[PDB]
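Participant: Partial complex here, more coming in a sec:
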Amino acid sequence: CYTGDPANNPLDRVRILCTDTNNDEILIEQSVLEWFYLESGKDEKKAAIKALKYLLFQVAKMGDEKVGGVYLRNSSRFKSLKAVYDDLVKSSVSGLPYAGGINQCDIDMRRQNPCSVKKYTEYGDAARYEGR
Amino acid sequence: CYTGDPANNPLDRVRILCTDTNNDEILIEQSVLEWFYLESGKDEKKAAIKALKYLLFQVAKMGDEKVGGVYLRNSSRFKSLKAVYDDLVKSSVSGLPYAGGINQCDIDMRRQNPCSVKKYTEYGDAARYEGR
Amino acid sequence: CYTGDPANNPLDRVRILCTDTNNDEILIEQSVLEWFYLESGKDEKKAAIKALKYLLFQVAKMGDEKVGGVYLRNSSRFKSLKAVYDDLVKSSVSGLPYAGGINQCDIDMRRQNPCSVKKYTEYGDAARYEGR
Amino acid sequence: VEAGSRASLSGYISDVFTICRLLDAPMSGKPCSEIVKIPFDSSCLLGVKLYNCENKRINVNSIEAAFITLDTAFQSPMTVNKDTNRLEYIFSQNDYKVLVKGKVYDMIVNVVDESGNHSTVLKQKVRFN
Amino acid sequence: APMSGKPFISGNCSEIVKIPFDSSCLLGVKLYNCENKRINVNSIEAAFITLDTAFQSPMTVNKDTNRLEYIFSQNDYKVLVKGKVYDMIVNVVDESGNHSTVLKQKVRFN
Amino acid sequence: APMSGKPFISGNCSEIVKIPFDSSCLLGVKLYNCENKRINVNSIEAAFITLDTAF
Amino acid sequence: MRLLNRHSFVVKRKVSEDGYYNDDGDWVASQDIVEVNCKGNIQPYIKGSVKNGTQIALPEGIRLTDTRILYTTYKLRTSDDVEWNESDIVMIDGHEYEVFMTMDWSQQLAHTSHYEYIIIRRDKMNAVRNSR
Amino acid sequence: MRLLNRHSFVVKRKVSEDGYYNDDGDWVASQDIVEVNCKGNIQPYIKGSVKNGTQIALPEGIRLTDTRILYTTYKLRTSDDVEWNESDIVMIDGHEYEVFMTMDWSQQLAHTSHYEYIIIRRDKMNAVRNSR
Amino acid sequence: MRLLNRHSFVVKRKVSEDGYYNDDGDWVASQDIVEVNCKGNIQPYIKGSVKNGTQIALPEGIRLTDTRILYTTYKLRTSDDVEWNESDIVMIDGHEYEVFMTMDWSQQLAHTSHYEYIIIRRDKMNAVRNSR
């Protein structure tokens, strides 16, 4: 039910972010999409990422069908959809890695934890005039 | 049947969490879904994890059927659905991994167990003034 | 629709940069393309990198369809298109690779960080008259 | 450099010929959806025909003070054309002063009978190109 | 020019009219009412032809042949860019001063 | 409203009637006996309409 | 299934089966007509000399004959002299289509049991009543 | 799609549907004829005793009969006595081809919905007018 | 292509199309006959009651009827009363074969556009001239 108005309709913006903008091939129900949007509060990005996960399940279920004259084959859709999904979404890293013992401020901050086991010697023991 | 009212109907919320919302291909009976909802106390999230396994079992059973004119092929739905499931549910981890002997507040608590085998030496033995 | 006027029409320039110029097989809606163009500010090059991903998603969805007389088979378009994409866009590198400790003008700038762990010895320590 | 100039006048010594776009309103309830289009800043007559509960076309003899509403834009009164048996309206050039170009609007038609009851006899989507 | 927005047969995409660049060309229009019957131009007072970002001009209301007509000229091509696609709009004036956009069409000059 | 629980044609799922929110709507009902013939309302004394948890 | 429910149409069933012959001998159709909503699939019927949307030239003018095949899970019935009931009517494009043939594939298999009907467009003629 | 739009042809539709019978009884065709541009695909029709470009020998001389099948997404209409409209005309090789049959495959599937028509070359005859 | 040009044969085309009817009513064929060289492929035509090299027994004696199908890229024409031209002749085994049917597959595809013709052996009869 994409009305071709991404400028105004946030539901259309979500329907663009998750690729379901085709009136003859509507796989995600309007009522389902609205509920996802409300659960995400108003974040179109989170609504879209929820709807994409739901769409994976929706596609994986369907299979080939034949009625007199008309024959639809769907067994190959999931392979392509998953291949695109893991490449474009699952593999996108966000945040930063961690490198232990590289930052003095981090080291001193973590030294304050009382519930931590105590090492016999640390890195800087040979240069502290005050020991400890 | 999915009534298109997830906001108000807790059963619709479950039918969304589980992906059995398509009215033409109802795979989970309404009575079965209600029984799951009751047996889970009343928790839409916690009913879905059982409904999904029931749906996996239901999908694994069916095969290809032909009757004059129509024809339906269900032999790949399982191979797609299990692949989706193992990725989106099975491999999702929750909780924390234990690391041995890293927390003093835990070591001292574990020391109180009477049925634990005595060790000849422990980590801090070299600096205990009192001994033991 | 591609109007055959890339020189004057910025939307035609985008429809050329993206390869959706064939009027018989319009795959990207004109409204969607305009919305991408606006969201990218106004940059034909920068809209194409989003339109291409949208097109990948659109192509991955479709399957084989038969109606009496006609018949269309779309199960390999994705396998070809992703192969073209990974070669012509994904593997194209831009920017420079960093090499550690090769530029003195960079080493001395990094030395100003206060939250960096002190090293006992550095490369030039053997020839510093002043020490430190 | 030259520009030339022109002048034009028209008139007569003592009708409406605007573009018309028609709709049907089934009172029976029984008729991803159509979107009516009207050029922006262009006068356009909008008409609607009533169909009774049996789905005949029904006389508009009854019905008074029918209203038209452009959602979150404005509300206006509508004319009960009892000759052609259609409820009619004409988008005036004042209306476009508060209408956004390109945006999609919802429209509603209300009917007030002789008993004071109000009925919503039509809902439709439109947009002004 | 079908009023009421009905294309006689529901095509797709956009059709482009092509005219030689430096040649006068008589362009006419035909009017059809809401029931696809042919309208008589006697009820039309005036009409303005428009080429976007190029110019606007009054247009000959030919009641004899029952068509609206405009003729390009060499001084007209002094602002038109060769090859570029120009949108086209036809406006009408009623007896009560109503203004209607009866037709929009894409044009270009070879 | 077919008495005896027979749907005239055995469909599936549930059908939902839709009415505009803020508009009066005349809602009627038709009665059919155990043999699908049309019943006359003369034999009815009273009837109570119900909307669950509403009124 | 999804393909068996692509189309939605109205069916007029004469619920009462009390048609009889008047004291004058004229036929009186069953009185209580009831409208219903059904879902199925409609396709042209290609076989032998069948005529789909065929224009027929006659000395009296021009006619139009059409006939289709309908797949559905709803049990429509044709005329039967032993059971003493009349046939159903299907509204397609606003015209009447009388059910003339039936093929019982029900109770054959679980997920593919259905029915097939051949429906012929009703010819144009003036109306007359004989009701007693 | 590309193969459905290989050919371009002209169609004469009698837009007005006001044909009537004179006070003398003669037929008067609808007045307003309108030309249109359409795209489709034209192929010979091979079935039974169909005659494609077949020369016919008669005592009066020689005739030529031809008939074809047309695939297109445009909705052409044949004669209909109930709706009271006349058939369309298709210009092939400069001659007229009257639409005699239609097959409605529309609204069946997303990317493969279309129409099929059987068009017969109009026979040669002299012209006469009865207009009132 | 190679298989479309396996055979070489002669074609007699009546280049002039000025045939007319004498002042006495007799037919006068077009005068200017021209010979040409063409290439194609000739095979027997197997369909229905078609007669290839079939001996026919009659009270008057014995006849021989033959007919073939010809694939070629050359545009041969049959008789046409509207265009007012006569059919071509193909020389096979030294006998005449008149083109009676045509099937236009041209402009369909790049490398496989061609024509099909059904050619019937001309019957034996004595000659008479009416030229004015």
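Facilitator: Yep, it's here. Numbering: from 1, shown residues only, chains lettered A, B, ... in the order given.

Participant: So is stretch D:80-97 next to chain F?
Facilitator: No: contact of stretch D:80-97 with chain F (Cβ under 8 Å from any Cβ of the partner chain) is absent, the minimum separation being 15.7 Å. For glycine as for every other residue, the C-beta is placed from the backbone atoms N, C-alpha and C.

Participant: contact partners of that stretch?
Facilitator: Residues outside stretch D:80-97 that contact it (Cβ atoms under 8 Å, 6 or more residues apart in numbering or on different chains) are D:16, D:18, D:22, D:38, D:40-50, D:57, D:59-61, D:63-64, D:66, D:68, D:70, D:74, D:76, D:78-79, D:109, D:128, E:98-99.

Participant: buried residues in it?
Facilitator: Of the residues in stretch D:80-97, D:80, D:86, D:87, D:88, D:89, D:90, D:91, D:95 count as buried by neighbour count, 16 or more other Cβ atoms under 10 Å in any protein chain shown.

Participant: Please report phi then psi for the most centrally placed residue in chain A.
Facilitator: Centroid-nearest residue in chain A, with Cα atoms, centre = their mean: residue A:49, separated by 5.8 Å. Main-chain torsions, residue A:49, degrees, to the nearest 10: phi -70, psi -30.

Participant: quick one: it from chain C, how far?
Facilitator: 13 Å (Cβ to the nearest Cβ, to the nearest Å).

Participant: Would you enumerate the residues in contact with that residue?
Facilitator: A:18, A:89.

Participant: now do 10 Å
Facilitator: For residue A:49, the contact set (Cβ atoms under 10 Å, 6 or more residues apart in numbering or on different chains) comprises A:17, A:18, A:36, A:40, A:43, A:89.

Participant: Residue A:47 is in contact with the fourth one, correct?
Facilitator: It stands for residue A:40. Yes: contact criterion Cβ atoms under 10 Å: residue A:40 and residue A:47 qualify, at 4.5 Å.

Participant: Name the residues contacting each of these two.
Facilitator: Residues touching both residue A:40 and residue A:47 by Cβ under 10 Å, 6+ apart: residue A:14.

Participant: Would you mind telling me which of the two has the busier surroundings?
Facilitator: residue A:47 (26 against 17; other Cβ atoms under 10 Å in any protein chain shown).

Participant: Within reach of chain E, which of the contacts of residue A:49 are there?
Facilitator: Among the contacts of residue A:49, no residue is within reach of chain E (Cβ under 10 Å from any Cβ of the partner chain).

Participant: Now secondary structure too, for these, in a markdown table please.
Facilitator: Formatted as a markdown table, the contacts of residue A:49 follow (DSSP: H, G, I helix; E, B strand; the rest coil):
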| residue | secondary structure |
| --- | --- |
| A:17 | helix |
| A:18 | coil |
| A:36 | helix |
| A:40 | coil |
| A:43 | coil |
| A:89 | helix |
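
Participant: onto the same structure, chain J please:
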Amino acid sequence: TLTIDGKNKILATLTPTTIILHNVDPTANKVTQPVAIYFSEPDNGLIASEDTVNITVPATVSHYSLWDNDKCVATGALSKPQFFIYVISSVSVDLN
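Facilitator: Okay, chain J now, added to the rest:
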């Protein structure tokens, strides 16, 4: 050669506000009292009347003129001289 921007910026200044009919081409030969007229914004170097206007004559008229200051800025001839309400259906001025 004036571009569209120049023409649009130009016609914004003219702003006529009255019209007078004349028995013959003109201040001379006035036949009717002036009546106001409102004009729309310019586009493509063209301005048109925003609405209809009614003029009355007791007498024949075959010409007209526009004023604003009371300055005459344009004149023109009626398509047909008319004996004698003369309704001015529309009027426009352009630089093309």
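
Participant: back to the contacts of residue A:49, now that we've got chain J?
Facilitator: For residue A:49, the contacting residues are A:17, A:18, A:36, A:40, A:43, A:89, by Cβ under 10 Å, 6+ apart.

Participant: make it 8 Å
Facilitator: A:18, A:89.

Participant: Would you indicate which residues of stretch G:109-119 are buried?
Facilitator: Buried, per 16+ other Cβ under 10 Å, within stretch G:109-119: G:112, G:114, G:115, G:116, G:117, G:118, G:119.

Participant: Identify the farthest-apart pair in these.
Facilitator: Farthest pair in the buried residues of stretch G:109-119 (Cβ to Cβ) is G:112 and G:119. Separation: 21.5 Å.

Participant: still on that earlier bit, what about the buried residues of stretch G:109-119, which are in strands?
Facilitator: G:115, G:116, G:117, G:118, G:119 (DSSP state E).

Participant: ok, the first one to residue D:49 distance?
Facilitator: Okay, so that is residue G:115. Distance of residue G:115 to residue D:49, given as Cβ to Cβ, to the nearest Å: 38 Å.

Participant: buried stuff in the longest strand out of those in chain D?
Facilitator: In terms of residue count, the longest strand belonging to chain D (DSSP E) is strand D:118-128. Buried residues in strand D:118-128, counted by 16+ other Cβ under 10 Å: D:119, D:120, D:121, D:122, D:124, D:126, D:127, D:128.

Participant: So it, near chain E or not?
Facilitator: No: using Cβ under 8 Å from any Cβ, strand D:118-128 never reaches chain E; the gap is at least 10.7 Å.

Participant: In contact with the residue nearest to the spatial centre of chain D, which residues?
Facilitator: Central residue of chain D (Cα atoms, centre = their mean): residue D:46, 3.1 Å from the mean position. Residue D:46 makes contact with D:20, D:21, D:22, D:23, D:68, D:88, D:89, D:90, D:91 under the criterion Cβ under 8 Å, 6+ apart.

Participant: Could you tell me whether the first one really is in a helix?
Facilitator: No: secondary structure assignment places residue D:20 outside any helix; it is strand (three-state DSSP).

Participant: That one and residue E:39 touch, don't they?
Facilitator: No: at 11.6 Å, residue D:20 does not count as touching residue E:39 under the criterion of Cβ atoms under 8 Å.

Participant: what residues do the two have in common as contacts?
Facilitator: Common neighbours of residue D:20 and residue E:39 (Cβ under 8 Å, 6+ apart) are E:3, E:33.

Participant: Between those two, which has more neighbouring residues?
Facilitator: Neighbour totals were compared for residue D:20 and residue E:39, and residue D:20 leads with 19 against 16 (other Cβ under 10 Å).
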